[PDB]
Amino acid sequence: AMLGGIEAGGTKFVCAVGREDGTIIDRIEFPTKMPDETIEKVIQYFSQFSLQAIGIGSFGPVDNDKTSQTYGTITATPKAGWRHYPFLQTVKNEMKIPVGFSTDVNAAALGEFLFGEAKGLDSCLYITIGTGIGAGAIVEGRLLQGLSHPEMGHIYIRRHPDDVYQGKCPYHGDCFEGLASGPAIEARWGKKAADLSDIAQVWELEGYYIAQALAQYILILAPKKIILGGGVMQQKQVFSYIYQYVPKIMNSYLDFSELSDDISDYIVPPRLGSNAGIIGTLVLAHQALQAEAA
């Protein structure tokens, strides 16, 4: 079976064709514009191929409750045209094959869970740190989907007492995303994050904030592997700060090697690199195919 994947982002769309084992056969990308024109490009790209199912990993928040009238829509976004657009249903109507749906970060979690750092485990957490901060979690082999999908980027961690930055988040100001996203780093220090790579205090601070968030996730969810991706995490030096800070914050409370001596194999970059998300959309496609047949 050939499967289609759509990783829908605020800035670009990535579409791919691939197989259930996560092999990417072909891909394309294009800028995100209004939904009708953007989706028409998707349909035109897939028109070349004979696909059995598609999966969509979308920027959110989204309505990921399959029982909901608004399932398969983006529920909050400043991007023009996208909130409440019938994203999933338009792709189902055009393509006439099964279509899976999830957040983009859920897709990345599935990619690492099946083919990456969590292969063989029954739990993991994938976090991206880029334009925003978001996370997807697998619990007992299934994506975590409660009242909502998680919005773990918006938790309120403690400000560093020397950090004077007010925060980037339009909703909360200095939530984790507001303090530690790519744009927050840029707004705080006055240059883009990639151009601050030689300024240690930038990454100390970023590592401190990420470590505070991870301690909360460890105490609440206790995932068996934590995978950190996104633009900001291309600054690999951040990991060393995280590994120093997490044990200080937890202060020996939970006696596991993952959280102390072997933390460097617990909190890791994605095995699939920057492709975890798009590969995960193929998993969503395969799931949707199997569910239709059942």
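All residue numbers refer to positions in the sequence shown, first residue = 1.
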remark   = Stretch with higher mean Cα temperature factor, 163-171 vs 148-156, is 163-171
ask   = Hey, which bit's got the bigger mean C-alpha B factor in the entry, 234-242 or 264-272?
value = 234-242
message = Can you tell me which of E177, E140, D195, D104 has the maximum CA B-factor listed in the PDB entry?
response = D195
task = Would you mind checking which of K41, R27, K225, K33 has the top Cα temperature factor in the PDB entry?
result = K33
query = Can you tell me which third, lowest, middle or highest, the CA B-factor of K92 falls into for its chain?
reply = middle
ask   = Once the chain's modelled residues are ordered by C-alpha B factor and cut into thirds, is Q201 in the lowest, middle or highest one?
value = highest
request  = Check where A1 lands among this chain's C-alpha B-factors and tell me if it's the lowest, middle or highest third.
outcome  = highest
message = Taking only the Cα B-factors deposited for this chain, tell me whether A118 sits in the lowest, middle or highest third.
response = middle
request  = Sort the modelled residues of this chain by their C-alpha B factor and say whether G10 lands in the lowest, middle or highest third.
outcome  = highest
